[PDB]
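Participant: What follows is my_file-v4.txt, compact mmCIF, C-alpha atoms.
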```txt
# COMPACT_ATOMS: atom_id res chain seq x y z
CA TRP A 3 10.81 17.23 5.19
CA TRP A 4 13.01 16.93 2.13
CA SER A 5 11.12 17.61 -1.06
CA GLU A 6 12.32 16.37 -4.43
CA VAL A 7 11.21 17.35 -7.94
CA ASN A 8 11.08 14.92 -10.84
CA UNK A 9 9.49 16.93 -13.64
CA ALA A 10 7.55 14.72 -18.89
CA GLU A 11 6.44 11.14 -19.57
CA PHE A 12 6.37 10.34 -23.31
CA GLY B 1 28.37 37.98 -23.65
CA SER B 2 27.05 40.23 -20.86
CA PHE B 3 23.34 40.34 -19.81
CA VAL B 4 23.46 41.88 -16.32
CA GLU B 5 19.70 42.43 -16.49
CA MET B 6 19.07 38.68 -16.37
CA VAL B 7 21.89 37.78 -13.97
CA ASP B 8 20.54 36.48 -10.69
CA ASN B 9 16.93 36.27 -11.92
CA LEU B 10 16.33 32.81 -10.42
CA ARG B 11 15.32 31.68 -6.94
CA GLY B 12 14.90 28.21 -5.45
CA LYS B 13 17.01 25.12 -4.64
CA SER B 14 17.49 21.60 -6.06
CA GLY B 15 14.88 19.88 -3.96
CA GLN B 16 12.02 22.27 -4.87
CA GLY B 17 13.08 23.60 -8.27
CA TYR B 18 14.44 26.95 -9.53
CA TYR B 19 11.93 29.52 -10.72
CA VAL B 20 11.79 32.84 -12.56
CA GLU B 21 9.26 35.64 -12.29
CA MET B 22 6.84 36.06 -15.19
CA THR B 23 3.65 38.07 -15.75
CA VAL B 24 0.66 36.75 -17.67
CA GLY B 25 -2.42 38.53 -18.90
CA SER B 26 -3.75 42.08 -18.97
CA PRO B 27 -3.27 43.76 -16.60
CA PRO B 28 -0.13 41.69 -15.72
CA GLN B 29 -0.58 38.93 -13.16
CA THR B 30 2.80 38.14 -11.57
CA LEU B 31 3.53 34.41 -11.18
CA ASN B 32 6.72 32.46 -10.29
CA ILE B 33 7.47 29.81 -12.87
CA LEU B 34 9.63 26.71 -12.42
CA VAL B 35 12.31 26.36 -15.10
CA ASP B 36 11.97 22.83 -16.54
CA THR B 37 14.21 21.63 -19.36
CA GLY B 38 12.67 18.13 -19.09
CA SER B 39 9.22 19.11 -20.47
CA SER B 40 7.62 21.28 -23.12
CA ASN B 41 4.39 22.73 -21.79
CA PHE B 42 3.90 26.19 -20.26
CA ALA B 43 1.30 25.77 -17.49
CA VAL B 44 0.14 27.71 -14.43
CA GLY B 45 -2.10 27.03 -11.47
CA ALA B 46 -5.44 28.58 -12.38
CA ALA B 47 -7.60 27.60 -9.42
CA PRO B 48 -7.10 27.76 -5.66
CA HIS B 49 -4.81 25.18 -4.11
CA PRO B 50 -3.30 24.75 -0.59
CA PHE B 51 0.23 25.31 -1.91
CA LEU B 52 -0.47 28.34 -4.14
CA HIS B 53 -0.47 31.87 -2.69
CA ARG B 54 -1.65 33.10 -6.09
CA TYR B 55 -2.82 31.72 -9.38
CA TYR B 56 -3.75 32.75 -12.91
CA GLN B 57 -7.24 34.28 -13.05
CA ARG B 58 -8.32 34.11 -16.69
CA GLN B 59 -11.55 36.05 -16.04
CA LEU B 60 -9.43 39.05 -15.00
CA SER B 61 -7.30 39.06 -18.15
CA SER B 62 -8.74 41.03 -21.05
CA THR B 63 -6.32 39.40 -23.47
CA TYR B 64 -6.97 35.81 -22.50
CA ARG B 65 -8.03 33.54 -25.40
CA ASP B 66 -9.78 30.24 -24.82
CA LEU B 67 -8.60 27.48 -27.15
CA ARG B 68 -11.44 25.19 -25.96
CA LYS B 69 -9.15 22.22 -25.57
CA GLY B 70 -8.29 20.12 -22.54
CA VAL B 71 -4.74 19.02 -21.77
CA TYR B 72 -3.09 16.51 -19.49
CA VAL B 73 0.60 16.26 -18.60
CA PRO B 74 2.09 13.40 -16.53
CA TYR B 75 5.68 13.60 -15.27
CA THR B 76 8.02 11.08 -13.64
CA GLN B 77 6.50 12.34 -10.41
CA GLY B 78 3.37 14.51 -10.42
CA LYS B 79 0.78 15.48 -13.03
CA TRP B 80 -1.93 17.98 -13.77
CA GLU B 81 -4.93 18.49 -16.01
CA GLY B 82 -5.92 21.78 -17.53
CA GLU B 83 -7.48 23.95 -20.20
CA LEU B 84 -5.55 25.45 -23.08
CA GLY B 85 -5.61 29.10 -24.03
CA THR B 86 -3.21 31.86 -24.97
CA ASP B 87 -2.33 35.15 -23.38
CA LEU B 88 0.36 37.81 -23.28
CA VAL B 89 3.42 36.86 -21.25
CA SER B 90 6.43 38.94 -20.11
CA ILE B 91 9.56 38.08 -18.09
CA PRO B 92 10.42 41.07 -15.84
CA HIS B 93 14.08 40.11 -15.48
CA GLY B 94 14.46 38.64 -18.93
CA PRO B 95 14.51 40.14 -22.44
CA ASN B 96 12.21 43.15 -22.74
CA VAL B 97 9.63 41.48 -24.95
CA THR B 98 6.00 40.43 -24.65
CA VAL B 99 4.82 37.32 -26.38
CA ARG B 100 1.45 35.71 -26.95
CA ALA B 101 1.99 32.13 -25.88
CA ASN B 102 0.12 28.93 -25.33
CA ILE B 103 -0.80 28.50 -21.66
CA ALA B 104 -2.26 25.47 -19.90
CA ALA B 105 -4.46 26.77 -17.08
CA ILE B 106 -4.13 24.06 -14.42
CA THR B 107 -7.50 23.02 -13.04
CA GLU B 108 -6.62 19.74 -11.27
CA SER B 109 -3.28 18.31 -10.08
CA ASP B 110 -1.71 15.54 -8.03
CA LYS B 111 1.69 15.79 -6.30
CA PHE B 112 2.71 18.49 -8.76
CA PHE B 113 2.72 21.67 -6.67
CA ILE B 114 5.09 21.68 -3.74
CA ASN B 115 4.46 23.19 -0.33
CA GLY B 116 6.80 26.11 0.34
CA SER B 117 8.33 26.08 -3.18
CA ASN B 118 6.98 29.56 -4.01
CA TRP B 119 6.38 28.70 -7.70
CA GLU B 120 2.95 28.59 -9.35
CA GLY B 121 3.57 27.27 -12.83
CA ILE B 122 6.07 25.53 -15.02
CA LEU B 123 7.97 26.56 -18.12
CA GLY B 124 8.72 23.49 -20.26
CA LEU B 125 11.81 24.48 -22.21
CA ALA B 126 12.26 21.31 -24.24
CA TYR B 127 11.01 20.53 -27.75
CA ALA B 128 7.58 20.30 -29.33
CA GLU B 129 7.96 16.56 -29.93
CA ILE B 130 7.08 15.98 -26.29
CA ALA B 131 4.50 18.72 -25.72
CA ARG B 132 0.94 17.63 -24.83
CA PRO B 133 -1.62 17.12 -26.36
CA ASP B 134 0.81 16.85 -29.26
CA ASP B 135 3.62 18.59 -31.14
CA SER B 136 1.29 21.18 -32.69
CA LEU B 137 1.16 22.96 -29.31
CA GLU B 138 4.03 25.42 -29.79
CA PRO B 139 6.24 25.61 -26.64
CA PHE B 140 6.95 28.95 -24.97
CA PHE B 141 10.54 29.32 -26.14
CA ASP B 142 9.60 28.54 -29.76
CA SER B 143 6.99 31.34 -29.60
CA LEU B 144 9.51 33.71 -27.98
CA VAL B 145 11.99 33.13 -30.81
CA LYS B 146 9.35 33.29 -33.57
CA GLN B 147 7.71 36.45 -32.25
CA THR B 148 10.81 38.31 -31.15
CA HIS B 149 14.31 38.10 -32.51
CA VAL B 150 15.83 36.71 -29.32
CA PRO B 151 18.75 34.38 -30.23
CA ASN B 152 17.59 30.75 -30.23
CA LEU B 153 19.40 29.67 -27.07
CA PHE B 154 19.35 30.11 -23.31
CA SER B 155 21.80 29.35 -20.53
CA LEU B 156 21.34 28.28 -16.93
CA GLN B 157 23.42 28.78 -13.83
CA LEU B 158 21.65 27.04 -10.96
CA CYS B 159 23.24 27.88 -7.61
CA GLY B 160 23.17 25.41 -4.73
CA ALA B 161 23.96 26.90 -1.29
CA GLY B 162 25.78 23.85 0.07
CA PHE B 163 23.66 24.07 3.24
CA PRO B 164 19.94 24.08 4.08
CA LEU B 165 17.95 27.24 3.44
CA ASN B 166 14.89 28.10 5.45
CA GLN B 167 11.80 29.64 3.92
CA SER B 168 12.88 33.26 4.28
CA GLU B 169 16.41 32.52 3.09
CA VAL B 170 15.17 30.89 -0.12
CA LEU B 171 12.95 33.87 -0.72
CA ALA B 172 15.65 36.44 0.03
CA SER B 173 18.53 34.77 -1.76
CA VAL B 174 19.53 34.50 -5.42
CA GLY B 175 19.23 30.96 -6.73
CA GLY B 176 20.90 31.57 -10.04
CA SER B 177 20.51 32.91 -13.56
CA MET B 178 18.60 32.07 -16.70
CA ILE B 179 20.12 34.10 -19.55
CA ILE B 180 17.64 34.18 -22.39
CA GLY B 181 19.22 34.62 -25.80
CA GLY B 182 22.82 34.56 -24.69
CA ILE B 183 25.82 33.49 -22.61
CA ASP B 184 27.21 35.60 -19.73
CA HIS B 185 30.93 35.07 -19.11
CA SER B 186 30.73 36.16 -15.49
CA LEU B 187 28.81 32.92 -14.73
CA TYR B 188 31.61 30.43 -15.38
CA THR B 189 35.35 29.87 -15.39
CA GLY B 190 37.54 28.00 -17.85
CA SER B 191 36.14 27.17 -21.25
CA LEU B 192 32.84 25.81 -22.56
CA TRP B 193 32.76 22.31 -23.95
CA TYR B 194 29.88 21.26 -26.16
CA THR B 195 28.16 17.95 -26.61
CA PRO B 196 25.59 17.39 -29.39
CA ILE B 197 21.87 17.24 -28.75
CA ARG B 198 21.19 13.77 -30.15
CA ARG B 199 17.54 14.42 -30.96
CA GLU B 200 15.33 17.44 -30.42
CA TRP B 201 12.72 16.10 -27.97
CA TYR B 202 14.11 16.08 -24.43
CA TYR B 203 17.57 17.70 -24.36
CA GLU B 204 19.12 14.31 -25.15
CA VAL B 205 22.86 13.66 -24.96
CA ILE B 206 25.26 10.74 -25.03
CA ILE B 207 27.45 9.68 -22.12
CA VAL B 208 30.35 7.53 -23.30
CA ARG B 209 32.25 6.73 -20.07
CA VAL B 210 31.79 7.03 -16.32
CA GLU B 211 34.57 7.18 -13.66
CA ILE B 212 34.43 7.17 -9.85
CA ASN B 213 37.67 8.81 -8.54
CA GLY B 214 39.34 8.07 -11.88
CA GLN B 215 38.31 4.41 -11.90
CA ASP B 216 36.38 3.35 -15.01
CA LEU B 217 32.97 1.90 -14.25
CA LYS B 218 33.77 -0.22 -17.28
CA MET B 219 30.23 -0.99 -18.48
CA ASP B 220 29.10 -1.27 -22.12
CA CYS B 221 28.47 2.44 -22.82
CA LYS B 222 25.00 1.77 -24.26
CA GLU B 223 24.07 1.06 -20.63
CA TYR B 224 24.75 4.67 -19.56
CA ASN B 225 22.19 5.89 -22.08
CA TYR B 226 19.93 2.93 -21.64
CA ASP B 227 16.75 4.29 -23.00
CA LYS B 228 18.09 7.86 -23.11
CA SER B 229 20.22 10.43 -21.29
CA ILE B 230 18.79 13.92 -20.73
CA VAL B 231 19.58 17.22 -19.01
CA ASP B 232 16.70 18.26 -16.77
CA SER B 233 16.73 21.30 -14.47
CA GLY B 234 13.34 20.12 -13.17
CA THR B 235 14.79 16.94 -11.65
CA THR B 236 16.59 17.19 -8.31
CA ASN B 237 18.87 14.11 -8.57
CA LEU B 238 21.48 12.64 -10.81
CA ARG B 239 19.35 9.62 -11.91
CA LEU B 240 20.91 6.52 -13.43
CA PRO B 241 19.58 3.43 -15.28
CA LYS B 242 19.22 0.56 -12.76
CA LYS B 243 22.37 -1.36 -13.79
CA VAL B 244 24.54 1.80 -13.86
CA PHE B 245 23.09 2.90 -10.54
CA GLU B 246 24.01 -0.44 -8.92
CA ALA B 247 27.55 -0.38 -10.28
CA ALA B 248 28.00 3.30 -9.36
CA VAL B 249 26.77 2.81 -5.81
CA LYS B 250 28.97 -0.25 -5.29
CA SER B 251 31.97 1.85 -6.36
CA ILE B 252 31.06 4.92 -4.23
CA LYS B 253 30.48 2.66 -1.19
CA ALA B 254 33.94 1.12 -1.72
CA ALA B 255 35.63 4.55 -1.95
CA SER B 256 33.89 5.74 1.23
CA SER B 257 34.12 2.49 3.22
CA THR B 258 36.13 4.08 6.06
CA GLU B 259 32.67 5.09 7.21
CA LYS B 260 29.56 2.96 7.03
CA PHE B 261 26.11 4.33 6.27
CA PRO B 262 22.76 2.55 6.54
CA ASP B 263 21.36 0.98 3.36
CA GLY B 264 18.54 3.50 3.57
CA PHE B 265 21.03 6.31 2.95
CA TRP B 266 22.15 4.84 -0.35
CA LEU B 267 18.49 4.38 -1.35
CA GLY B 268 17.87 8.04 -0.66
CA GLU B 269 15.54 7.01 2.09
CA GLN B 270 17.39 8.52 5.02
CA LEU B 271 19.82 11.28 5.78
CA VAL B 272 23.33 11.10 7.16
CA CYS B 273 24.46 13.68 9.68
CA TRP B 274 27.84 14.83 10.90
CA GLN B 275 28.69 17.11 13.77
CA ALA B 276 28.92 20.78 12.77
CA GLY B 277 31.55 21.39 10.11
CA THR B 278 32.95 17.86 10.11
CA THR B 279 31.38 16.41 6.96
CA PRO B 280 34.23 14.20 5.61
CA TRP B 281 34.00 15.32 1.99
CA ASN B 282 37.46 13.91 1.27
CA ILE B 283 36.31 10.33 1.82
CA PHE B 284 33.68 10.58 -0.96
CA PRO B 285 34.83 10.20 -4.59
CA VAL B 286 34.45 12.65 -7.44
CA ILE B 287 32.28 11.36 -10.36
CA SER B 288 33.19 12.04 -13.97
CA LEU B 289 30.78 11.68 -16.85
CA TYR B 290 32.39 11.79 -20.29
CA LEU B 291 30.24 13.30 -23.02
CA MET B 292 30.53 12.89 -26.78
CA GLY B 293 32.23 15.97 -28.24
CA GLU B 294 31.43 17.97 -31.37
CA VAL B 295 34.66 16.78 -33.05
CA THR B 296 34.76 13.25 -34.47
CA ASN B 297 36.20 10.68 -32.04
CA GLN B 298 36.56 13.31 -29.38
CA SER B 299 34.95 13.51 -25.93
CA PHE B 300 35.28 15.64 -22.80
CA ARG B 301 34.35 15.11 -19.18
CA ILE B 302 32.52 16.94 -16.46
CA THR B 303 33.48 16.04 -12.89
CA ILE B 304 31.34 16.66 -9.83
CA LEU B 305 32.09 16.50 -6.17
CA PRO B 306 30.25 15.04 -3.23
CA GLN B 307 29.28 18.67 -2.52
CA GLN B 308 27.06 18.25 -5.60
CA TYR B 309 25.69 14.70 -5.07
CA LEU B 310 25.13 14.94 -1.28
CA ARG B 311 22.15 17.30 -0.94
CA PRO B 312 22.01 19.44 2.24
CA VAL B 313 18.79 18.97 4.20
CA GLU B 314 17.77 20.44 7.51
CA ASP B 315 17.73 18.30 10.62
CA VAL B 316 14.38 19.16 12.21
CA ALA B 317 16.05 17.18 14.99
CA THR B 318 17.29 20.10 17.12
CA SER B 319 21.08 20.25 16.67
CA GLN B 320 23.88 22.04 14.86
CA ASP B 321 24.68 18.95 12.72
CA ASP B 322 25.23 19.20 8.96
CA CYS B 323 22.91 16.65 7.32
CA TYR B 324 22.53 15.35 3.78
CA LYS B 325 20.62 13.04 1.50
CA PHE B 326 22.29 10.92 -1.22
CA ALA B 327 21.12 12.62 -4.41
CA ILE B 328 21.82 9.87 -6.95
CA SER B 329 18.99 7.38 -7.56
CA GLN B 330 17.89 4.75 -10.00
CA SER B 331 15.77 5.43 -13.03
CA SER B 332 13.72 3.11 -15.20
CA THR B 333 13.57 5.79 -17.88
CA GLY B 334 17.23 6.46 -18.55
CA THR B 335 19.81 8.91 -17.23
CA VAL B 336 18.70 12.29 -15.90
CA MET B 337 21.40 14.92 -15.28
CA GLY B 338 19.39 16.83 -12.73
CA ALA B 339 19.86 19.96 -10.66
CA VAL B 340 22.42 18.27 -8.48
CA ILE B 341 24.64 17.96 -11.55
CA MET B 342 23.66 21.34 -13.10
CA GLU B 343 24.62 23.09 -9.86
CA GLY B 344 28.23 22.33 -10.66
CA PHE B 345 28.13 23.92 -14.12
CA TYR B 346 27.00 26.77 -16.31
CA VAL B 347 24.92 24.96 -18.96
CA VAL B 348 24.29 26.47 -22.37
CA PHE B 349 21.30 25.13 -24.29
CA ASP B 350 22.41 26.20 -27.77
CA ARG B 351 19.28 25.14 -29.65
CA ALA B 352 20.50 27.08 -32.73
CA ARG B 353 23.60 24.88 -33.10
CA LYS B 354 21.87 21.83 -31.62
CA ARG B 355 24.39 21.45 -28.79
CA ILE B 356 24.66 21.77 -25.00
CA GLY B 357 27.70 23.49 -23.50
CA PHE B 358 29.19 22.93 -20.03
CA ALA B 359 31.66 25.10 -18.09
CA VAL B 360 32.58 25.09 -14.42
CA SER B 361 30.02 27.25 -12.61
CA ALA B 362 31.31 30.33 -10.84
CA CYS B 363 28.91 29.54 -7.98
CA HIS B 364 29.48 25.79 -7.49
CA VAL B 365 30.01 24.48 -3.97
CA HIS B 366 33.44 23.00 -3.23
CA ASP B 367 36.18 22.93 -0.60
CA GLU B 368 39.80 24.12 -0.60
CA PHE B 369 41.05 20.80 -1.94
CA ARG B 370 38.86 19.92 -4.90
CA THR B 371 36.69 21.76 -7.46
CA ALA B 372 34.22 20.56 -10.11
CA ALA B 373 35.84 20.48 -13.56
CA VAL B 374 35.16 20.39 -17.30
CA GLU B 375 38.05 18.89 -19.21
CA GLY B 376 38.93 17.79 -22.69
CA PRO B 377 39.62 16.52 -25.18
CA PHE B 378 39.89 12.71 -24.97
CA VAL B 379 40.19 10.37 -27.95
CA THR B 380 37.16 8.10 -27.76
CA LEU B 381 36.03 5.79 -30.58
CA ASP B 382 32.68 4.34 -31.76
CA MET B 383 30.76 6.70 -29.44
CA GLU B 384 27.60 6.82 -31.59
CA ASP B 385 27.36 3.16 -30.53
CA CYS B 386 26.69 4.35 -26.99
CA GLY B 387 23.33 5.60 -28.11
CA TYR B 388 20.33 3.37 -27.51
CA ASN B 389 17.78 2.82 -30.30
```
I'd like the structure from this file rewritten - as structure tokens, please.

Facilitator:
Amino acid sequence: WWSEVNXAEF
Amino acid sequence: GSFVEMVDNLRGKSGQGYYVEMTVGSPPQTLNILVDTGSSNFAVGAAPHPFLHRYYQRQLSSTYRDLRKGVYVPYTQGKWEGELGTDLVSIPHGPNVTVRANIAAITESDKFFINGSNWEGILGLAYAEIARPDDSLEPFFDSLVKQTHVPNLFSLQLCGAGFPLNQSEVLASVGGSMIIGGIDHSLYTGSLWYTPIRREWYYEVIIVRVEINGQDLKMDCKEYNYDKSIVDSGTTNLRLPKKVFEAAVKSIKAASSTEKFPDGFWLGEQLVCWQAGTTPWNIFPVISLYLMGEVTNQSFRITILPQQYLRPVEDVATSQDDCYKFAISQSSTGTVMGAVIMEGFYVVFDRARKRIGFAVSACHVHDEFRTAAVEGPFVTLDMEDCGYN
């Protein structure tokens, strides 16, 4: 169920 | 400093992001916004979506301004497409100001919104250089500073619980603080150590040495910043360049070898569980990252515990076990000091003096035997050489 955020490509 | 008004204005957890309440438009439309130091666009869901309980309705805002310009933002994971405009924005538990800011109304998205996260938009707090469509789109914080006289800096105290939180608990608990325009001494202990922001795009820094339980990883330091090294509240894990990740894992496995874990655990593919209250924290090593200091040939280190890099996750499997996921992973885009790392410290983004400060967080998770730490100074030479070009 474990979510994970990985926020910009440049 | 002392900004009680903004203390405890964040909610969330490392796996889903930390968010702050904001209002946009006229009359005010309340939306929860994810705090993201790894990007530079302010955007909000603006159309129905399965994971949004509310969204920005431009047609209901009398002060909305259409900039007639499309925008697209891709992230390491997730992306969205939207339409640019501006509107009035306020932060209920932030400085008492109202600013007209650029806003990307999200019309389409893929793997961006997260089920159960309770946030509906994102606040990119990094520099214009990386804003989309280009650096002429002034980021929210730049507009806040230009339009108000709020000091050009903000600080973050992200608080990890050290255990899994269910939906109601995440809603009803305080996830931390975002102090806008200042530093609040009640959020940390010991002193603040500053490292320089190498370039104003991402919040880029330079790591000059890595230790696992005091043992030097001993790699060419350019490898630790291979490509770049950034601080990103919008990234759950401590992410490391592939070579550093392999060396680091080899060393952590060796320190914890009295217990064996499946390969999947180390790849962040599966959880490890221990019977209630018996997680053997002591067998896992502390990890120290040394950062370039503000003084020539001087560095300092921040040390985190397994309570920071082993992320608590619920065991849907019915039991009273304490379960965790390994929250260090490889990156092909450089080092990312994510939430897992920020949960151990109070982090000051001193944009004015182009530096990032670290102090031990007053809410970090630890045990009776070990605590996270921020220590200095250390005499380190040729550090600028650690930077990748």

Participant: When you draw a straight line from CA of residue 41 (chain B) to CA of residue 199 (chain B), how long is it in Å?

Facilitator: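 One can read the CA of residue 41 (chain B) to CA of residue 199 (chain B) distance as 18.1 Å.
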
Participant: So that I can see what lies close to residue 357 (chain B), please list as a PDB file with C-alpha atoms, keeping the file's coordinate frame the residues with an atom at most 9 Å from it, counting all atoms listed in the file and leaving out residues fewer than 3 positions away in the same chain.

Facilitator:
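Contents of selection-v2.pdb, freshly written:
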```pdb
ATOM      1  CA  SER B 155      21.800  29.350 -20.530  1.00  0.00           C
ATOM      2  CA  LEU B 192      32.840  25.810 -22.560  1.00  0.00           C
ATOM      3  CA  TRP B 193      32.760  22.310 -23.950  1.00  0.00           C
ATOM      4  CA  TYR B 194      29.880  21.260 -26.160  1.00  0.00           C
ATOM      5  CA  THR B 195      28.160  17.950 -26.610  1.00  0.00           C
ATOM      6  CA  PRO B 196      25.590  17.390 -29.390  1.00  0.00           C
ATOM      7  CA  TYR B 346      27.000  26.770 -16.310  1.00  0.00           C
ATOM      8  CA  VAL B 347      24.920  24.960 -18.960  1.00  0.00           C
ATOM      9  CA  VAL B 348      24.290  26.470 -22.370  1.00  0.00           C
ATOM     10  CA  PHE B 349      21.300  25.130 -24.290  1.00  0.00           C
ATOM     11  CA  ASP B 350      22.410  26.200 -27.770  1.00  0.00           C
TER      12      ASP B 350
END
```

Participant: Can you work out the spacing between CA of residue 380 (chain B) and CA of residue 305 (chain B) in Å, to one decimal?

Facilitator: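 Rounded to one decimal, the two atoms are 23.7 Å apart.
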
Participant: Contacts from chain B to chain A, 9 Å maximum, all atoms listed in the file: show me the residue list as a short mmCIF file (atom, residue, chain, number, x, y, z; two decimals) with C-alpha atoms, keeping the file's coordinate frame.

Facilitator:
```cif
data_model
loop_
_atom_site.label_atom_id
_atom_site.label_comp_id
_atom_site.auth_asym_id
_atom_site.auth_seq_id
_atom_site.Cartn_x
_atom_site.Cartn_y
_atom_site.Cartn_z
CA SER B 14 17.49 21.60 -6.06
CA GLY B 15 14.88 19.88 -3.96
CA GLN B 16 12.02 22.27 -4.87
CA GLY B 17 13.08 23.60 -8.27
CA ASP B 36 11.97 22.83 -16.54
CA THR B 37 14.21 21.63 -19.36
CA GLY B 38 12.67 18.13 -19.09
CA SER B 39 9.22 19.11 -20.47
CA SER B 40 7.62 21.28 -23.12
CA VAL B 73 0.60 16.26 -18.60
CA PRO B 74 2.09 13.40 -16.53
CA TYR B 75 5.68 13.60 -15.27
CA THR B 76 8.02 11.08 -13.64
CA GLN B 77 6.50 12.34 -10.41
CA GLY B 78 3.37 14.51 -10.42
CA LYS B 79 0.78 15.48 -13.03
CA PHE B 112 2.71 18.49 -8.76
CA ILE B 114 5.09 21.68 -3.74
CA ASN B 115 4.46 23.19 -0.33
CA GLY B 124 8.72 23.49 -20.26
CA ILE B 130 7.08 15.98 -26.29
CA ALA B 131 4.50 18.72 -25.72
CA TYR B 202 14.11 16.08 -24.43
CA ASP B 232 16.70 18.26 -16.77
CA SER B 233 16.73 21.30 -14.47
CA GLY B 234 13.34 20.12 -13.17
CA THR B 235 14.79 16.94 -11.65
CA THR B 236 16.59 17.19 -8.31
CA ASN B 237 18.87 14.11 -8.57
CA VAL B 313 18.79 18.97 4.20
CA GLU B 314 17.77 20.44 7.51
CA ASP B 315 17.73 18.30 10.62
CA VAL B 316 14.38 19.16 12.21
CA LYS B 325 20.62 13.04 1.50
CA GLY B 338 19.39 16.83 -12.73
#
```

Participant: Grab the CA of residue 46 (chain B) to CA of residue 116 (chain B) distance for me, in Å with one decimal place.

Facilitator: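 Spanning CA of residue 46 (chain B) to CA of residue 116 (chain B) is a straight-line distance of 17.8 Å.
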
Participant: Between B:300, B:245, B:226, B:326, which one has atoms that come closest to residue 266 (chain B), using only C-alpha atoms?

Facilitator: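 For residue 266 (chain B), the nearest of the given residues is B:326.
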
Participant: Applying 7 Å and only C-alpha atoms, which residues near region 132-145 of chain B remain after dropping the ones on its own chain fewer than 5 positions away? List them as a PyMOL selection string.

Facilitator: chain B and resi 40-42+71-73+99+101-102+125+150-152
